[PDB]
Structure formats: C-alpha cells, structure tokens
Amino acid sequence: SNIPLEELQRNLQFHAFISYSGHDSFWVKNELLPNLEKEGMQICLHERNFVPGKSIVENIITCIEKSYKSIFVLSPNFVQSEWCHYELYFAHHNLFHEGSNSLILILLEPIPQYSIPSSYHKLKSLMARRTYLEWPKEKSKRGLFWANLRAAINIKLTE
C-alpha cells in the first residue's frame, strides 16, 4: 500500500531513486532492493535504468526527476566513488532544497571524518542535520529500519 504515483501532480515513474556505490552492491541488491520491491515500489536504479548515449550525470538527474524520493546509501565507499557527482552538481543547481524531505539519507556504514574531503561542503551540511537512517548492526532493530525507510519514501513531500 504505497503512494499511487499517477495520483500525484508531477508525472513520476518511480517511488525512489537509489544512489549507491558499486562496492556496496551486495547489501543494496540483497537487502535494500528486495525489501522495497517486494512491497510493490518502483525503483530507479544506478546503472539498471540508465540509458545509453547519455552521461552518468544525465542518467542520475533523469532518475531523480522521475522519482518521488531520492535515496543516498551513505558509506565510506559512497563518499569516495559517488559523492563527487552531487557535490559538483549541487554547486550549480538547488536540486534538493535544504529543508525538503525529497532526499532520504541511509547511513549504511559510519563515515570517518578523515575520509571526507574539506571541499565536500554539501555532504557535511546534509549530515550535520543528523536526519539519516542508520543501518542497525543489531538484527532486532532492522524491522524498525525498514518501517522508517518505507515511511520516508511514502511521506508527503514538503510544501
């Protein structure tokens, strides 16, 4: 029982775009994607829905524009291999307005401060909010994680 995309104002094709580092593919493909897709959600996926003949940036932007929410799978891997795309793009476009709930942050793995370049200002800003969902190491708290996550996807967008 998720959001019916057709009932929305914009012409959206996906409930969520999932941005992740290829190094985190096992958890994304065996945990994140099944729990969202077995619920009936439509997911725009890094490299799975990307179109040939376009740059990776254009493919990412296309997923974002066609998705109700965007999910970043934060981790040291994501910082090192994926975040630069967004730091560069956010420097010229207010794609996600500070205060809007269109962007969902999953802290899959804690990110040490030394691994964050000083020039990743937008990343430090987003994580200073402390509004991300932490993947719990304790198995008994993973039901809470999935419930929180599905709620973050289905919550009404900030006006």
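Residue numbers here begin at 1 and follow the sequence given.
Colleague: Tell me which of 27-35 and 46-54 has the higher mean C-alpha B-factor in the deposited entry.
Modeller: The recorded data point to 46-54.
Colleague: If you average the CA temperature factors as listed in the entry, which stretch comes out higher, 86-94 or 99-107?
Modeller: Looking at the recorded C-alpha B-factors, 86-94 comes out higher on average.
Colleague: By the record's CA B-factor, is residue 116 among the lowest, middle or highest third of residues in the chain?
Modeller: CA B-factor rank for residue 116: middle third.
Colleague: Classify residue 154 as lowest, middle or highest third according to the C-alpha B-factor given in the PDB entry, relative to its own chain.
Modeller: Tercile = lowest for this residue's CA B-factor.
Colleague: Within this chain, which third does the Cα B-factor at residue 133 fall in: lowest, middle or highest?
Modeller: Its C-alpha B-factor belongs to the lowest third of this chain's values.
Colleague: Thinking about Cα B factors across the chain, which third does residue 13 belong to?
Modeller: According to the entry, residue 13 has a C-alpha B-factor in the chain's middle third.
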